[PDB]
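Chains as they are written, first to last, in PDB author numbering: chain A, 12 to 105; chain D, 3 to 7. We put the beta carbon where it would ideally sit given N, CA and C, even for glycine.
What follows is the structure, encoded as structure tokens:
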């Protein structure tokens with residue numbers, strides 16, 4: 012069972028949010044596939060890690076209200092770097 | 003690993 016939920020990360024006092032992402036695809040069916048931005052790695056002791064509500068394999072649907080379903084990896088990274096100390100992520104998990 | 007923030 013999957014679920015879309017919201018996760019806010021605050022990197023105050025940390026070097027970065029701690030997420031590494033990649034463009035990926037999963038088969039939503041049985042005869043179709045969906046593409047998107049997925050969390051490929053999480054940095055230990057980073058906000059993403061300490062949060063505990065973000066998992067490797069989760070897909071990022073939006074960032075601070077911006078749809079990133081079809082964004083390039085670099086575009087999402089730029090968006091994150093343009094943010095202050097916080098980013099609100101719409102996450103699809105499980 | 004590229005694309006981390």
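The three-state secondary structure of residue 18(A), taken from DSSP, is strand. Neighbours of residue 31(A) across chain D, judged by C-beta separation under 9 Å: 3, 4, 5, 6, 7.
Residue 6(D) is bridged by DSSP to 31(A).
Leaving aside the five residues that flank residue 67(A) on each side, the residues in its chain whose CB is nearer than 8 Å to its CB run, in chain order, 50, 51, 52, 53. Excluding its 5 nearest sequence neighbours in each direction, residue 96(A) has C-beta neighbours in its own chain below 6 Å: 21, 22, 23, listed in chain order. Around the beta carbon of residue 61(A), fewer than 16 other beta carbons lie within 10 angstroms, which makes this residue exposed. For residue 36(A), same chain residues with a beta-carbon under 8 Å away, outside a window of 5 residues either side, are 44, 45, 46, 47 in chain order. Spanning the alpha carbons of residue 76(A) and residue 39(A) requires a straight line of approximately 24 Å.
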